[PDB]
Amino acid sequence: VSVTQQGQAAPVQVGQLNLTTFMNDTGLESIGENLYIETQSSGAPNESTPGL
Amino acid sequence: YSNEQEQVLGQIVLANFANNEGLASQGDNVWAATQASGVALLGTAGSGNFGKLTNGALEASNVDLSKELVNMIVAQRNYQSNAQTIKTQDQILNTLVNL
Amino acid sequence: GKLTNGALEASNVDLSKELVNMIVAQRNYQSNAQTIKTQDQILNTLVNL
Amino acid sequence: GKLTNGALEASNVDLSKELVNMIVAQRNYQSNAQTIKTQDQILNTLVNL
Amino acid sequence: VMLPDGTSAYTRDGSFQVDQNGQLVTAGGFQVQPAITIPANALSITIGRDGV
Amino acid sequence: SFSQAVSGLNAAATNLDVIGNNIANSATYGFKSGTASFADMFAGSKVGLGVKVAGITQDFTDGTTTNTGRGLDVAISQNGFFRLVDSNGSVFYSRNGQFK
Amino acid sequence: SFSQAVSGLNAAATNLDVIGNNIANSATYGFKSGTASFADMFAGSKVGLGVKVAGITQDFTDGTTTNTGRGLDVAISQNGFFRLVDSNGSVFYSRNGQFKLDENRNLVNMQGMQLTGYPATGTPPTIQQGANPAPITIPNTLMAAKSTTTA
């Protein structure tokens, strides 16, 4: 994620948005407000950068 | 000056970007350097890859109306054809709902 | 600069350039009218459905 | 400002702006009417059931 | 076309540009596999009937 | 999205008005021709939002010093503006040579 | 099926908007026509997600030079841009060549941006290519009364 400021004519990175994948995304306990929590049926999440 | 002398106050500096089409238009007819455009790469107006100036002249709009009119016709036809798809989908869904 | 008595300067306006400028401006106006006509006709078929 | 004798002021109204504004207003009115028609149909379908 | 991950894809649309480093890329930042680089102070670019 | 069309229409109408003013003010001794100046606009995305007008520009080119006779008429062949004052005291600058 | 049709509709609308913007910015001097380019998008295989806009590109072909007279104007024959500076330190680059002089004797375009050029130094002043570009000033102060050195 890059941010452009008033001067310096060069974007400055403010961080990265890694995302986590699961072995079995079906077995995620679905709490409200569009949120999932991992359970025993879904493996431990593994994080990675997008596109890899 | 009236003393038959010439005084130089500097010279106009040009700029050749590494690649155009990466410059971001900023409202009025100016461009702002950014990524995909490189540094300004300033230089004199005489040599290098820079062009030769011509005093007392200006550039035209390099826009041809003949191309634009036919392009507008084609674009309008494409838009109408696209809207036909939405109309057909709406009719299909209405028929499915009514049963 | 110096002054010259008993003389008046002209209007520095030449009609030859003005006529062709009027013609090209008229053509530009017609083209923009066609553009707005298209922009209205495209919305008409969307609203009518 | 000083007065000018034997002269009158115009209406400072340009038809070019007025016609295009009228077209835009007509299209906006038609879109708003379409909204009312859609709401009426949405209510009729619900109530009929 | 050389994808960022490392593999190669194939395209049919020809609309090429130059990135900041001067190498010929496609619209989208992806660079051609042979890695053709356009030098600076280039008066004109010509492409023959063949690939040269 | 009528912004492009209406901006273009305004620019064309202004250009027509300038041309009409220039042609109408012909044969006027102390008159300088004018010309419109346009400029595109870009607010957000890369798609343009029309064209604005950047104010008219006069042309201070010298005319032709025609010899109409009499003595209460002076013409300027180079840079320079006559300075005049009104009844209320404000100062104006002009190039008209008709005096009495 | 509404997604694909809506995406196509938006792409056509963007194309029409670009066409209109090009057709309205005619008679502008430092203007380059722009065109839109589209690209499809497939999630996996056998599934189409419509179309998206892949950026708008401006054709930088030089326009027809016009003999408008005047003295404080200049047309660039080939690739090149004028470098201007903003009052806030920002640096812009332009192709239009309409120049004028403001109250403090600075070369400024029609929008209120100071033209930048190589500063002149020395007695008599010369042109140096190693100096940082600065706003150009042309004051009316009289030249210094230099004495005779050699003949």
# chains A, B, ... in the order shown; residues from 1 in each chain; ligands from 1
>>> calpha_fit_and_write(fixed="chain C", moving="chain D", output="CSV table (one decimal) with N, CA, C and O atoms, in the first residue's frame")
chain,number,residue,atom,x,y,z
D,1,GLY,N,8.3,55.3,-28.5
D,1,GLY,CA,8.3,55.7,-29.9
D,1,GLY,C,7.8,57.1,-30.0
D,1,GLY,O,6.9,57.5,-29.3
D,2,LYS,N,8.4,57.8,-31.0
D,2,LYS,CA,8.0,59.2,-31.2
D,2,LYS,C,6.6,59.3,-31.9
D,2,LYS,O,6.1,58.4,-32.5
D,3,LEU,N,5.9,60.4,-31.6
D,3,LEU,CA,4.6,60.6,-32.2
D,3,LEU,C,4.7,61.1,-33.6
D,3,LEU,O,5.6,61.8,-34.0
D,4,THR,N,3.7,60.7,-34.4
D,4,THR,CA,3.5,61.2,-35.7
D,4,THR,C,2.3,62.1,-35.8
D,4,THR,O,1.2,61.7,-35.3
D,5,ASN,N,2.4,63.3,-36.3
D,5,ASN,CA,1.4,64.3,-36.3
D,5,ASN,C,0.5,64.2,-37.5
D,5,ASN,O,1.0,63.9,-38.6
D,6,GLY,N,-0.8,64.4,-37.3
D,6,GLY,CA,-1.8,64.4,-38.3
D,6,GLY,C,-1.9,63.0,-38.9
D,6,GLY,O,-2.0,62.9,-40.2
D,7,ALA,N,-2.0,62.0,-38.1
D,7,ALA,CA,-2.2,60.6,-38.6
D,7,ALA,C,-2.9,59.8,-37.5
D,7,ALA,O,-2.8,60.1,-36.3
D,8,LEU,N,-3.5,58.7,-38.0
D,8,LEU,CA,-4.2,57.8,-37.1
D,8,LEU,C,-3.8,56.4,-37.3
D,8,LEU,O,-3.4,56.0,-38.4
D,9,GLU,N,-4.0,55.6,-36.3
D,9,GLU,CA,-3.7,54.1,-36.3
D,9,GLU,C,-4.9,53.3,-36.6
D,9,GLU,O,-6.0,53.6,-36.2
D,10,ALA,N,-4.8,52.2,-37.4
D,10,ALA,CA,-5.8,51.4,-37.8
D,10,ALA,C,-6.1,50.4,-36.7
D,10,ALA,O,-5.6,50.5,-35.6
D,11,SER,N,-7.0,49.4,-36.9
D,11,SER,CA,-7.5,48.5,-35.9
D,11,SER,C,-6.7,47.2,-35.9
D,11,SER,O,-7.0,46.3,-35.0
D,12,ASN,N,-5.7,47.0,-36.7
D,12,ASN,CA,-5.0,45.8,-36.8
D,12,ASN,C,-5.8,44.5,-36.8
D,12,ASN,O,-5.4,43.5,-36.1
D,13,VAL,N,-7.0,44.5,-37.5
D,13,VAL,CA,-7.8,43.4,-37.5
D,13,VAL,C,-7.9,43.0,-39.0
D,13,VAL,O,-8.3,43.8,-39.9
D,14,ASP,N,-7.7,41.7,-39.3
D,14,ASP,CA,-7.7,41.2,-40.7
D,14,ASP,C,-9.0,40.3,-40.8
D,14,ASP,O,-9.1,39.3,-40.1
D,15,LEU,N,-9.9,40.7,-41.7
D,15,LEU,CA,-11.1,39.9,-41.9
D,15,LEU,C,-10.8,38.5,-42.4
D,15,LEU,O,-11.6,37.6,-42.2
D,16,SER,N,-9.7,38.3,-43.1
D,16,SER,CA,-9.4,37.0,-43.7
D,16,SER,C,-9.2,35.9,-42.6
D,16,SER,O,-9.7,34.8,-42.7
D,17,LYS,N,-8.5,36.3,-41.5
D,17,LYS,CA,-8.4,35.3,-40.4
D,17,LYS,C,-9.7,35.2,-39.7
D,17,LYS,O,-10.1,34.1,-39.3
D,18,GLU,N,-10.5,36.3,-39.5
D,18,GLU,CA,-11.7,36.2,-38.8
D,18,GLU,C,-12.8,35.3,-39.4
D,18,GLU,O,-13.4,34.5,-38.7
D,19,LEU,N,-12.9,35.4,-40.7
D,19,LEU,CA,-13.9,34.6,-41.4
D,19,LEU,C,-13.6,33.1,-41.3
D,19,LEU,O,-14.5,32.3,-41.0
D,20,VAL,N,-12.4,32.7,-41.5
D,20,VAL,CA,-12.0,31.3,-41.4
D,20,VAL,C,-12.1,30.8,-39.9
D,20,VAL,O,-12.6,29.7,-39.7
D,21,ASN,N,-11.7,31.6,-39.0
D,21,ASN,CA,-11.9,31.3,-37.6
D,21,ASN,C,-13.4,31.1,-37.3
D,21,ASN,O,-13.8,30.2,-36.5
D,22,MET,N,-14.3,31.9,-37.8
D,22,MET,CA,-15.7,31.8,-37.6
D,22,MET,C,-16.2,30.5,-38.1
D,22,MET,O,-17.1,29.8,-37.5
D,23,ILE,N,-15.8,30.1,-39.3
D,23,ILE,CA,-16.2,28.8,-39.9
D,23,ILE,C,-15.8,27.7,-39.0
D,23,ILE,O,-16.5,26.7,-38.7
D,24,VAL,N,-14.5,27.7,-38.6
D,24,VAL,CA,-14.0,26.6,-37.7
D,24,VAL,C,-14.8,26.5,-36.4
D,24,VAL,O,-15.2,25.5,-35.9
D,25,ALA,N,-15.1,27.7,-35.8
D,25,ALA,CA,-15.8,27.7,-34.6
D,25,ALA,C,-17.2,27.2,-34.8
D,25,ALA,O,-17.7,26.5,-33.9
D,26,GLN,N,-17.9,27.6,-35.9
D,26,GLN,CA,-19.2,27.0,-36.1
D,26,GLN,C,-19.2,25.5,-36.2
D,26,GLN,O,-20.1,24.8,-35.7
D,27,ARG,N,-18.2,25.0,-37.0
D,27,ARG,CA,-18.1,23.5,-37.1
D,27,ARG,C,-17.9,22.8,-35.7
D,27,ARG,O,-18.5,21.8,-35.4
D,28,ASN,N,-17.0,23.4,-34.9
D,28,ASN,CA,-16.8,22.9,-33.6
D,28,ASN,C,-18.0,22.9,-32.7
D,28,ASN,O,-18.4,22.0,-32.0
D,29,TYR,N,-18.8,24.0,-32.8
D,29,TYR,CA,-20.0,24.2,-32.0
D,29,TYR,C,-21.0,23.1,-32.5
D,29,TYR,O,-21.7,22.5,-31.6
D,30,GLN,N,-21.2,22.9,-33.8
D,30,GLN,CA,-22.1,21.9,-34.3
D,30,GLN,C,-21.7,20.5,-33.8
D,30,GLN,O,-22.5,19.7,-33.4
D,31,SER,N,-20.4,20.2,-33.8
D,31,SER,CA,-19.9,18.9,-33.3
D,31,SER,C,-20.2,18.7,-31.8
D,31,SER,O,-20.7,17.6,-31.4
D,32,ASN,N,-20.0,19.7,-31.0
D,32,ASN,CA,-20.3,19.6,-29.6
D,32,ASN,C,-21.8,19.4,-29.4
D,32,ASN,O,-22.2,18.6,-28.5
D,33,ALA,N,-22.6,20.1,-30.2
D,33,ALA,CA,-24.1,19.9,-30.1
D,33,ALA,C,-24.5,18.5,-30.4
D,33,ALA,O,-25.4,17.9,-29.8
D,34,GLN,N,-23.8,17.9,-31.5
D,34,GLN,CA,-24.0,16.5,-31.8
D,34,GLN,C,-23.7,15.6,-30.7
D,34,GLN,O,-24.4,14.6,-30.5
D,35,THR,N,-22.6,15.9,-29.9
D,35,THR,CA,-22.3,15.1,-28.7
D,35,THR,C,-23.4,15.1,-27.7
D,35,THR,O,-23.8,14.0,-27.2
D,36,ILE,N,-24.0,16.3,-27.5
D,36,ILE,CA,-25.1,16.4,-26.5
D,36,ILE,C,-26.3,15.6,-27.0
D,36,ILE,O,-27.0,14.9,-26.2
D,37,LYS,N,-26.6,15.7,-28.3
D,37,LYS,CA,-27.8,14.9,-28.9
D,37,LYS,C,-27.5,13.4,-28.7
D,37,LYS,O,-28.5,12.7,-28.4
D,38,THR,N,-26.3,12.9,-29.0
D,38,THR,CA,-26.0,11.5,-28.8
D,38,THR,C,-26.2,11.1,-27.4
D,38,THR,O,-26.7,10.0,-27.1
D,39,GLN,N,-25.7,11.9,-26.5
D,39,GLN,CA,-25.8,11.5,-25.0
D,39,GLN,C,-27.3,11.5,-24.7
D,39,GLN,O,-27.7,10.6,-23.9
D,40,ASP,N,-28.1,12.4,-25.1
D,40,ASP,CA,-29.5,12.4,-24.8
D,40,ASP,C,-30.2,11.2,-25.4
D,40,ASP,O,-31.0,10.6,-24.7
D,41,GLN,N,-29.9,10.8,-26.6
D,41,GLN,CA,-30.5,9.6,-27.2
D,41,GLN,C,-30.0,8.3,-26.4
D,41,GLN,O,-30.8,7.4,-26.2
D,42,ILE,N,-28.8,8.3,-26.0
D,42,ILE,CA,-28.3,7.1,-25.2
D,42,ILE,C,-29.0,7.0,-23.9
D,42,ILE,O,-29.2,5.9,-23.4
D,43,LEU,N,-29.3,8.2,-23.3
D,43,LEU,CA,-30.0,8.1,-22.0
D,43,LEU,C,-31.5,7.8,-22.2
D,43,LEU,O,-32.1,7.0,-21.4
D,44,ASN,N,-32.1,8.3,-23.3
D,44,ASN,CA,-33.5,8.0,-23.5
D,44,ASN,C,-33.8,6.5,-23.8
D,44,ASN,O,-34.7,5.9,-23.3
D,45,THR,N,-32.9,5.9,-24.6
D,45,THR,CA,-33.0,4.5,-24.9
D,45,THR,C,-32.9,3.7,-23.7
D,45,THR,O,-33.6,2.7,-23.5
D,46,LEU,N,-31.9,4.0,-22.8
D,46,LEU,CA,-31.7,3.3,-21.6
D,46,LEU,C,-32.9,3.4,-20.7
D,46,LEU,O,-33.4,2.4,-20.1
D,47,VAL,N,-33.5,4.6,-20.5
D,47,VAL,CA,-34.5,4.8,-19.5
D,47,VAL,C,-35.8,4.2,-20.0
D,47,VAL,O,-36.6,3.6,-19.3
D,48,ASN,N,-36.1,4.3,-21.3
D,48,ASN,CA,-37.3,3.8,-21.9
D,48,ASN,C,-37.3,2.3,-21.7
D,48,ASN,O,-38.3,1.7,-21.2
D,49,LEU,N,-36.3,1.6,-22.2
D,49,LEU,CA,-36.1,0.2,-22.1
D,49,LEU,C,-37.3,-0.6,-22.6
D,49,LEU,O,-38.1,-1.2,-21.8
>>> interface_residues(of="chain G", to="chain C", cutoff="12 Å", atoms="only C-alpha atoms", output="NGL selection string")
:G and (9 or 12-13 or 16-28 or 67-68)
>>> write_last_selection(atoms="N, CA, C and O atoms", output="mmCIF file, in the first residue's frame")
data_model
loop_
_atom_site.group_PDB
_atom_site.id
_atom_site.type_symbol
_atom_site.label_atom_id
_atom_site.label_comp_id
_atom_site.auth_asym_id
_atom_site.auth_seq_id
_atom_site.Cartn_x
_atom_site.Cartn_y
_atom_site.Cartn_z
ATOM 1 N N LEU G 9 -21.528 -1.867 -20.034
ATOM 2 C CA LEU G 9 -22.160 -0.554 -20.097
ATOM 3 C C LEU G 9 -21.232 0.528 -19.564
ATOM 4 O O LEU G 9 -21.113 1.604 -20.158
ATOM 5 N N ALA G 12 -18.473 1.179 -22.102
ATOM 6 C CA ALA G 12 -18.959 1.997 -23.207
ATOM 7 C C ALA G 12 -19.150 3.444 -22.776
ATOM 8 O O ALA G 12 -18.859 4.371 -23.540
ATOM 9 N N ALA G 13 -19.646 3.657 -21.557
ATOM 10 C CA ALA G 13 -19.822 5.017 -21.059
ATOM 11 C C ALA G 13 -18.486 5.734 -20.929
ATOM 12 O O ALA G 13 -18.372 6.913 -21.276
ATOM 13 N N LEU G 16 -17.318 6.675 -24.399
ATOM 14 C CA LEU G 16 -18.052 7.834 -24.893
ATOM 15 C C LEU G 16 -17.597 9.111 -24.201
ATOM 16 O O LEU G 16 -17.514 10.170 -24.832
ATOM 17 N N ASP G 17 -17.309 9.034 -22.902
ATOM 18 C CA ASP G 17 -16.835 10.206 -22.175
ATOM 19 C C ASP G 17 -15.481 10.663 -22.700
ATOM 20 O O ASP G 17 -15.238 11.865 -22.850
ATOM 21 N N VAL G 18 -14.585 9.717 -22.984
ATOM 22 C CA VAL G 18 -13.287 10.077 -23.548
ATOM 23 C C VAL G 18 -13.461 10.708 -24.923
ATOM 24 O O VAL G 18 -12.795 11.696 -25.258
ATOM 25 N N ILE G 19 -14.360 10.153 -25.739
ATOM 26 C CA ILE G 19 -14.617 10.729 -27.057
ATOM 27 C C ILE G 19 -15.126 12.158 -26.925
ATOM 28 O O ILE G 19 -14.676 13.063 -27.640
ATOM 29 N N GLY G 20 -16.069 12.385 -26.011
ATOM 30 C CA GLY G 20 -16.597 13.725 -25.825
ATOM 31 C C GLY G 20 -15.551 14.701 -25.323
ATOM 32 O O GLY G 20 -15.497 15.851 -25.766
ATOM 33 N N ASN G 21 -14.710 14.258 -24.388
ATOM 34 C CA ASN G 21 -13.647 15.120 -23.882
ATOM 35 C C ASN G 21 -12.668 15.489 -24.986
ATOM 36 O O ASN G 21 -12.223 16.640 -25.069
ATOM 37 N N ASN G 22 -12.310 14.525 -25.837
ATOM 38 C CA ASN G 22 -11.469 14.836 -26.985
ATOM 39 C C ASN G 22 -12.142 15.809 -27.937
ATOM 40 O O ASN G 22 -11.484 16.726 -28.437
ATOM 41 N N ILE G 23 -13.436 15.632 -28.193
ATOM 42 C CA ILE G 23 -14.138 16.489 -29.137
ATOM 43 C C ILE G 23 -14.388 17.888 -28.586
ATOM 44 O O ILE G 23 -14.606 18.821 -29.371
ATOM 45 N N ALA G 24 -14.348 18.063 -27.267
ATOM 46 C CA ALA G 24 -14.580 19.373 -26.674
ATOM 47 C C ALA G 24 -13.297 20.165 -26.477
ATOM 48 O O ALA G 24 -13.321 21.397 -26.571
ATOM 49 N N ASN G 25 -12.180 19.493 -26.215
ATOM 50 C CA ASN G 25 -10.902 20.167 -26.038
ATOM 51 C C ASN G 25 -10.247 20.545 -27.353
ATOM 52 O O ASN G 25 -9.050 20.843 -27.366
ATOM 53 N N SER G 26 -10.987 20.526 -28.458
ATOM 54 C CA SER G 26 -10.441 21.019 -29.711
ATOM 55 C C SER G 26 -10.178 22.515 -29.604
ATOM 56 O O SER G 26 -10.741 23.207 -28.752
ATOM 57 N N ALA G 27 -9.285 23.004 -30.462
ATOM 58 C CA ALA G 27 -8.791 24.377 -30.496
ATOM 59 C C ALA G 27 -7.928 24.718 -29.290
ATOM 60 O O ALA G 27 -7.374 25.820 -29.239
ATOM 61 N N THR G 28 -7.793 23.818 -28.320
ATOM 62 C CA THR G 28 -6.789 23.987 -27.285
ATOM 63 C C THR G 28 -5.407 23.757 -27.879
ATOM 64 O O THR G 28 -5.211 22.887 -28.730
ATOM 65 N N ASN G 67 1.368 29.911 -37.086
ATOM 66 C CA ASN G 67 2.067 31.195 -37.051
ATOM 67 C C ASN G 67 1.112 32.250 -36.502
ATOM 68 O O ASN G 67 0.437 32.974 -37.235
ATOM 69 N N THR G 68 1.063 32.331 -35.176
ATOM 70 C CA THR G 68 0.184 33.267 -34.490
ATOM 71 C C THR G 68 0.837 34.619 -34.243
ATOM 72 O O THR G 68 0.227 35.472 -33.589
#
>>> interface_residues(of="chain F", to="chain B", cutoff="12 Å", atoms="only C-alpha atoms", output="PyMOL selection string")
chain F and resi 37-54
>>> write_last_selection(atoms="N, CA and C atoms", output="short mmCIF file (atom, residue, chain, number, x, y, z; two decimals), in the first residue's frame")
data_model
loop_
_atom_site.label_atom_id
_atom_site.label_comp_id
_atom_site.auth_asym_id
_atom_site.auth_seq_id
_atom_site.Cartn_x
_atom_site.Cartn_y
_atom_site.Cartn_z
N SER F 37 -8.37 32.02 -24.99
CA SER F 37 -7.39 31.03 -24.58
C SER F 37 -8.08 29.96 -23.76
N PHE F 38 -7.95 28.71 -24.18
CA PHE F 38 -8.64 27.59 -23.55
C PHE F 38 -7.65 26.75 -22.76
N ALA F 39 -8.19 25.86 -21.93
CA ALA F 39 -7.37 24.95 -21.15
C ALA F 39 -8.22 23.77 -20.69
N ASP F 40 -7.72 22.56 -20.90
CA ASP F 40 -8.45 21.38 -20.46
C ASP F 40 -8.43 21.29 -18.94
N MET F 41 -9.32 20.45 -18.40
CA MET F 41 -9.41 20.26 -16.96
C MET F 41 -9.42 18.78 -16.63
N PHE F 42 -8.81 18.44 -15.50
CA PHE F 42 -8.77 17.08 -14.99
C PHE F 42 -8.92 17.14 -13.48
N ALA F 43 -10.03 16.62 -12.96
CA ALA F 43 -10.29 16.68 -11.53
C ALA F 43 -9.82 15.41 -10.82
N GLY F 44 -10.39 14.27 -11.17
CA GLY F 44 -10.07 13.03 -10.50
C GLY F 44 -9.41 12.01 -11.41
N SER F 45 -10.21 11.13 -12.00
CA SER F 45 -9.69 10.06 -12.84
C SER F 45 -9.06 10.63 -14.11
N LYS F 46 -8.47 9.74 -14.91
CA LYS F 46 -7.79 10.15 -16.12
C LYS F 46 -8.73 10.71 -17.18
N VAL F 47 -10.03 10.42 -17.10
CA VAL F 47 -10.97 10.94 -18.08
C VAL F 47 -11.17 12.43 -17.85
N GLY F 48 -11.15 13.20 -18.93
CA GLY F 48 -11.26 14.64 -18.80
C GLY F 48 -12.65 15.08 -18.38
N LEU F 49 -12.75 16.36 -18.00
CA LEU F 49 -14.00 16.94 -17.53
C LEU F 49 -14.39 18.17 -18.33
N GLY F 50 -13.86 18.33 -19.53
CA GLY F 50 -14.20 19.46 -20.37
C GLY F 50 -13.06 20.45 -20.48
N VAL F 51 -13.40 21.64 -20.97
CA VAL F 51 -12.44 22.70 -21.23
C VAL F 51 -12.95 23.99 -20.61
N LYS F 52 -12.08 24.68 -19.88
CA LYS F 52 -12.37 26.01 -19.36
C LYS F 52 -11.71 27.06 -20.24
N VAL F 53 -12.16 28.30 -20.09
CA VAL F 53 -11.59 29.42 -20.81
C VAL F 53 -10.68 30.20 -19.85
N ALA F 54 -9.46 30.49 -20.30
CA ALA F 54 -8.46 31.14 -19.46
C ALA F 54 -8.37 32.64 -19.71
#
>>> residues_around(residues="residue 81 of chain F", least_positions_apart="4", cutoff="12 Å", atoms="only C-alpha atoms", output="count of residues only")
15
>>> residues_around(residues="segment 20-32 of chain E", least_positions_apart="3", cutoff="10 Å", atoms="only C-alpha atoms", output="MDAnalysis selection string")
(chainID B and resid 17:20 22 34:39) or (chainID E and resid 1:4 8:11 13:17 35:40) or (chainID G and resid 37 39 54:55 57)
>>> select_by_dssp(residues="chain B", states="helix (DSSP H, G or I)", output="VMD selection string")
chain B and resid 65 to 98
>>> atom_distance(atom1="atom CA of residue 86 of chain B", atom2="atom CA of residue 43 of chain G")
21.6 Å
>>> select_by_dssp(residues="chain B", states="strand (DSSP E or B)", output="PyMOL selection string")
chain B and resi 11-12+14-15+24-25+31-32+42-43+53-55+58
>>> write_last_selection(atoms="C-alpha atoms", output="PDB file, in the first residue's frame")
ATOM      1  CA  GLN B  11      17.832  30.139 -20.966  1.00  0.00           C
ATOM      2  CA  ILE B  12      14.696  28.012 -21.001  1.00  0.00           C
ATOM      3  CA  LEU B  14      13.563  21.568 -21.649  1.00  0.00           C
ATOM      4  CA  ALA B  15      12.856  18.093 -20.304  1.00  0.00           C
ATOM      5  CA  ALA B  24      -0.516  12.443 -14.658  1.00  0.00           C
ATOM      6  CA  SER B  25      -2.607  15.310 -15.983  1.00  0.00           C
ATOM      7  CA  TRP B  31       1.812  17.405 -16.342  1.00  0.00           C
ATOM      8  CA  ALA B  32       3.267  16.079 -13.096  1.00  0.00           C
ATOM      9  CA  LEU B  42      16.611  18.268 -18.092  1.00  0.00           C
ATOM     10  CA  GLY B  43      18.684  19.674 -20.927  1.00  0.00           C
ATOM     11  CA  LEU B  53      12.111  25.709 -30.717  1.00  0.00           C
ATOM     12  CA  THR B  54      10.314  28.052 -33.104  1.00  0.00           C
ATOM     13  CA  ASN B  55       9.658  31.577 -31.877  1.00  0.00           C
ATOM     14  CA  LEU B  58       2.036  27.469 -31.097  1.00  0.00           C
TER      15      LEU B  58
END
